Amino acid sequence: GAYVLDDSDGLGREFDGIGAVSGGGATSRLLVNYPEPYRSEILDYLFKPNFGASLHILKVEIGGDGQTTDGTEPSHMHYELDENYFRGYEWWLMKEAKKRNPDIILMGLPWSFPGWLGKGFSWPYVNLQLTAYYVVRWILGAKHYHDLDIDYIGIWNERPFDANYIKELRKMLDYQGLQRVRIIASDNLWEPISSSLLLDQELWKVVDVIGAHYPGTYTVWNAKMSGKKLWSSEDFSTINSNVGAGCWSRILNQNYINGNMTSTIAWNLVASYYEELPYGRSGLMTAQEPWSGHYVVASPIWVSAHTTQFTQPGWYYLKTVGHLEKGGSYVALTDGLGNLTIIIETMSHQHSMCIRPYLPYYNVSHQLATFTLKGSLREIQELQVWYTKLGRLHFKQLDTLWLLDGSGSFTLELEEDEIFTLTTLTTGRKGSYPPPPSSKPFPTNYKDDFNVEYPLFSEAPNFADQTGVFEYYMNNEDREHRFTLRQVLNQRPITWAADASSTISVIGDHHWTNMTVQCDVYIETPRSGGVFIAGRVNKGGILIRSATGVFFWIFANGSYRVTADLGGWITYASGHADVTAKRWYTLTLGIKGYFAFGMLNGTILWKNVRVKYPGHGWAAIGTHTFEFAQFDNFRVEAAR
Ligand SMILES: *[C@@H]1O[C@H](CO)[C@@H](O[C@@H]2O[C@H](CO)[C@@H](O)[C@H](O)[C@H]2NC(C)=O)[C@H](O)[C@H]1NC(C)=O
Ligand SMILES: *[C@@H]1O[C@H](CO)[C@@H](O[C@@H]2O[C@H](CO)[C@@H](O)[C@H](O)[C@H]2NC(C)=O)[C@H](O)[C@H]1NC(C)=O
Ligand SMILES: *[C@@H]1O[C@H](CO)[C@@H](O[C@@H]2O[C@H](CO)[C@@H](O)[C@H](O)[C@H]2NC(C)=O)[C@H](O)[C@H]1NC(C)=O
Ligand SMILES: *[C@@H]1O[C@H](CO)[C@@H](O)[C@H](O)[C@H]1NC(C)=O
Ligand SMILES: OC[C@H]1O[C@@H](O)[C@H](O)[C@@H](O)[C@H]1O
Ligand SMILES: [Ca+2]
């Protein structure tokens with residue numbers, strides 16, 4: 001009926017910020033090649049203060065060369081003795097975020113690791129000092145090459161922690177002058193990290209934040225007892241429809257109310273990956289068409305604004321937060337400087353389901369709520385008002401509220417699926433850019449000759465690696481193939497996902513069904529080496545081992561094979577071919593209806609081979625195992 005807001009008995013917990021994840025894996029892949037001004041506009045909707053999502057926190061994957069949900073991300077150390085701090089796109093992203101908001105909080109976390117760290121095993125805890133050296137290199141590089149201060153470092157995403165590793169990581173950080181870097185653990189469930197902190201004083205000292213994933217707004221007794229900051233260090237992961245926006249709205253409030261969690265971080269930041277990859281369109285907004293420039297400022301962007309534009313890390317929650325009599329919730333925060341922000345949501349069960357976990361039904365119905373400002377809040381006469389209605393009206397500023405009658409009280413009519421932000425702050429703004437170009441399919445005629453002498457990014461645009469890692473490569477000693485694309489992994493990573501046994505990068509339009517793919521290929525490994533080109537590739541990401549399609553393989557022992565699957569269990573055709581290592585060949589693969597054909601150097605190798613139909617999927621290139629190979633003059637023409 002009447003809800004009292006008051007700071008007289010003191011304050012709740014310190015608010016640490018709202019953020020999002022870029023990574024786990026290759027979620028920002030297609031953002032980098034957006035033409036201006038659209039690329040920069042997207043970044044503004046995400047990071048510019050008092051504009052759009054105005055994020056307080058950016059968490060990135062520390063690429064480990066393994067598949068990590070929608071692709072692989074390149075490591076700074078592919079091999080022992082290798083160091084390169086300019087691969088991939090996380091450095092660029094962190095810098096773009098920092099330019100817009102210098103006070104943004106930066107976090108890094110590994111999902112996979114390069115295989116060499118395992119010293120023979122697929123395990124990162126074989127040599128604790130070596131693994132810690134690898135991670136700390138990344139942090140130092142962020143500073144030395146990009147002027148980035150990494151604020152938080154994690155352990156091993158959704159995988160076991162080793163208490164001794166965590167201790168060694170703290171030692172190593174301090175030893176390299178990174179005492180300011182804080183450690184969050186263990187990016188999994190509340191246990192066993194929470195109980196481990198109670199049983200081990202030395203571990204307790206080195207862990208600054210307990211970060212749990214998909215907690216369903218709740219925590220556990222051992223975590224409260226630890227006295228540590230508690231973050232939902234990964235949450236959301238729901239399609240950015242109105243339903244997704246409701247889920248985000250509800251957990252933003254209730255993670256603190258129900259679970260004492262003072263930060264929530266959404267996976268993922270922006271859906272810049274092919275939608276038919278796992279968890280498609282599960283970012284705060286959508287930018288999956290760099291070829292057209294089309295992007296969508298999705299609902300969760302404005303849901304974010306309701307908190308992020310009106311709070312900052314370092315504000316405090318009030319003791320006075322809770323649930324509404326007839327459903328929904330309210331939180332309230334101050335800055336200690338007389339400001340006050342009040343965030344109210346009334347998300348109905350049917351329009352706010354997250355994918356993890358699914359909540360049993362709860363009722364929400366029309367209600368009236370009366371708020372009274374006791375303590376030092378009483379001295380406030382006036383509030384700005386922001387309003388959103390999901391279903392749709394977004395981040396609409398309403399008429400200022402006045403409490404001049406000395407009552408220190410006000411009342412609201414609340415329906416379902418609504419958010420209200422009531423704040424003293426005047427700085428609010430629904431940021432706006434002109435609409436971007438209409439959506440368009442991937443170009444039905446496409447080519448890349450990779451002839452770029454000084455590329456801005458380490459890989460050609462639109463190629464999304466799903467196992468292995470592909471990079472621009474310059475070979476001066478050859479004039480006919482001076483600039484190519486090269487697969488650079490020579491051993492399987494310490495994997496997070498189930499990476500394929502063959503490397504593969506996909507590109508184009510998953511809807512494609514009739515297509516002709518061509519590429520010059522070059523096998524580097526004598527006797528045992530092999531490469532392929534492919535069409536109708538129907539799965540990737542964490543499901544990359546499941547991929548079917550039409551795969552045209554050639555091998556350095558003078559053979560070829562046509563398969564239905566990436567795993568090569570199912571044969572469409574096979575035979576001999578004049579193919580050896582260290583020689584350039586042109587491969588052509590044509591697929592139409594029930595039939596396919598393959599060419600070697602313009603000459604037919606196999607023809608009218610029956611394949612499964614109907615079928616559809618991307619084009620692709622790859623290598624038989626984790627082995628060096630080069631590709632050049634890529635072409636695809638397709639019909640959707
Ligand atoms: C964690 O938050 C919970 C609320 O989700 C706090 O638990 C109590 O909440 C009830 C209402 O649900 C209040 O009446 C009590 O005052 C709260 N307990 C106490 C001790 O104040 C709990 O306080 C929080 N735990 C912390 C801050 O460690
Ligand atoms: C509300 O928050 C604003 C934002 O910080 C406060 O305004 C700042 O106040 C500090 C010192 O109090 C000044 O140094 C800054 O120049 C102010 N900035 C702006 C943009 O005003 C403000 O004090 C808070 N309280 C009220 C009542 O507005
Ligand atoms: C892909 O190619 C197949 C094979 O020709 C096309 O299927 C044929 O389409 C014609 C005219 O549309 C029909 O008369 C045939 O009966 C179809 N054949 C089969 C086996 O279905 C298909 O339409 C093409 N698809 C695209 C998107 O271009
Ligand atoms: C929800 O609550 C309202 C009012 O309390 C009631 O009229 C309605 O029947 C309830 N709906 C369900 C599904 O329980
Ligand atoms: O919900 C999808 C997400 O699930 C998490 O377990 C993981 O950390 C993310 O990379 C992504 O896969
Ligand atoms: Ca070239």
Side-chain angles (χ1 to χ4, degrees), residues 29-30 71 273-277 280 288-292 439-446 448-450 460-467 470 485 500 502-521 531-541 543-544 546-554 560-566 568 570-573 585-623 631-640:
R29 180 68 185 93
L30 303 166
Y273 52 102
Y274 297 123
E275 198 178 0
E276 305 85 353
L277 289 168
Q288 58 193 31
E289 294 183 12
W291 48 86
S292 76
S439 152
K440 302 169 185 62
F442 195 95
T444 58
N445 267 79
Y446 184 85
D448 199 338
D449 56 18
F450 316 116
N462 306 314
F463 281 95
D465 308 346
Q466 304 299 323
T467 291
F470 299 68
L485 195 69
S502 298
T503 73
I504 182 167
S505 195
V506 305
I507 187 175
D509 189 335
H510 186 273
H511 291 108
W512 283 343
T513 172
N514 303 323
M515 60 207 299
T516 297
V517 175
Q518 180 167 295
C519 196
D520 293 345
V521 301
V531 293
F532 70 88
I533 66 180
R536 301 182 171 168
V537 185
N538 73 342
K539 285 295 171 276
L543 303 190
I544 184 60
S546 304
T548 46
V550 184
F551 303 80
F552 179 15
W553 310 77
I554 62 171
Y560 78 95
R561 185 106 56 184
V562 185
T563 68
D565 54 319
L566 183 53
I570 302 186
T571 300
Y572 278 153
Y585 303 99
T586 293
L587 285 179
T588 310
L589 170 60
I591 317 171
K592 180 177 183 180
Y594 276 89
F595 294 90
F597 75 90
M599 284 190 295
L600 184 60
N601 292 341
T603 299
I604 288 289
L605 184 58
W606 51 277
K607 197 192 317 179
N608 288 324
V609 170
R610 146 104 95 136
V611 298
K612 252 177 73 264
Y613 188 79
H616 59 92
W618 301 289
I621 57 170
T623 73
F631 302 84
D632 201 351
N633 309 304
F634 176 84
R635 313 176 61 82
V636 61
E637 62 191 334
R640 170 157 166 166

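We number each residue from 1, following the sequence as shown. The basis for the numbers below is simple: all heavy atoms, side chains too, and nothing from hydrogens, waters or symmetry mates.
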Kindly compute the distance separating CH2 (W553) from OG1 (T623), expressed to the nearest 0.5 Å.
8.0 Å
Compare all side-chain heavy atoms of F470 with those of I621 and state whether any distance is below 4.5 angstrom.
yes
For residues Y446 and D509, determine if any side-chain heavy atom of one lies less than 4.5 Å from a side-chain heavy atom of the other.
no
Do the non-hydrogen side-chain atoms of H511 and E276 ever get within less than 4.5 Å of each other?
yes
To the nearest 0.5 Å, what is the distance between CH2 (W512) and CD1 (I591)?
11.5 Å
Shortest non-hydrogen contact between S505 and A464, atoms and distance
OG-C, 3.3 Å
Does any non-hydrogen side-chain atom of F597 lie less than 4.5 Å from one of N608?
no
Closest contact, heavy atoms only, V537 versus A534:
CG2-CB, 3.9 Å
Ignoring hydrogens, what is the shortest heavy-atom contact between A596 and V550? Give both atom names and the distance.
CB-CG1, 4.5 Å
Ring centers of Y613, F595 separated by less than 6.0 Å
no
May I ask you to test the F442-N462 pair for a side-chain heavy-atom distance under 4.5 Å?
yes
To the nearest 0.5 Å, what is the distance between CZ on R536 and NE2 on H616?
10.0 Å
Given side chain to side chain donor-acceptor pair (under 3.5 Å), test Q518 with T586 step by step and report yes or no.
CA-CA 7 Å; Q518 180 167 295; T586 293; 5.6 Å; no
What are the two closest heavy atoms between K539 and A547, and how far apart are they?
O-CB, 3.4 Å
Quick check: do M515 and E637 have side-chain heavy atoms less than 4.5 Å from each other?
no
Output for pair (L543 CG, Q466 CD), nearest 0.5 Å, gives 10.0 Å
Quick check on side chain to side chain contact (heavy atoms under 4.5 Å, CB included): which of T548, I544, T467 does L566 satisfy it with?
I544
Name the orientation class of the two ring planes belonging to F463 and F450 (parallel below 30°, tilted from 30 to 60°, perpendicular beyond 60°).
tilted
Distance-minimising heavy-atom pair for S439 and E289:
OG-OE2, 2.7 Å
Would you say the side chain of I554 lies within less than 4.5 Å of the side chain of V531, judging by non-hydrogen atoms?
yes
Side chains of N633 and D520 only: does a donor on one sit below 3.5 Å from an acceptor on the other?
yes
CZ on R635 to CD1 on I533, rounded to 0.5 Å
12.5 Å
Anything under 30° is parallel, anything over 60° is perpendicular, the rest tilted; go ahead and classify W291 against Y274.
parallel
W606 and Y560: CA distance, side-chain angles, deciding distance, side-chain contact (heavy atoms from CB on, under 4.5 Å) verdict
CA-CA 10 Å; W606 51 277; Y560 78 95; 3.5 Å; yes
Residue pair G602 / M599: nearest heavy atoms and the distance that separates them:
O-SD, 3.5 Å
Whether over 12 other heavy atoms sit under 6.0 Å from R610 CZ
no
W618 CH2 to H510 NE2 distance, which is reported to the nearest 0.5 Å:
4.5 Å
Is there side-chain contact between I507 and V636, with heavy atoms separated by less than 4.5 Å?
no
Checking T563 side chain against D565 main chain: does a donor-acceptor pair fall under 3.5 Å?
yes
Which residue in the set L605, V609, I604 passes side chain to side chain contact (heavy atoms under 4.5 Å, CB included) when paired with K607?
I604
Determine whether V517 and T588 satisfy the following criterion, side-chain contact (heavy atoms from CB on, under 4.5 Å), listing intermediate values before the conclusion.
CA-CA 6 Å; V517 175; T588 310; over 6 Å; no
Does the ring center of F532 lie less than 6.0 Å from the ring center of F552?
no
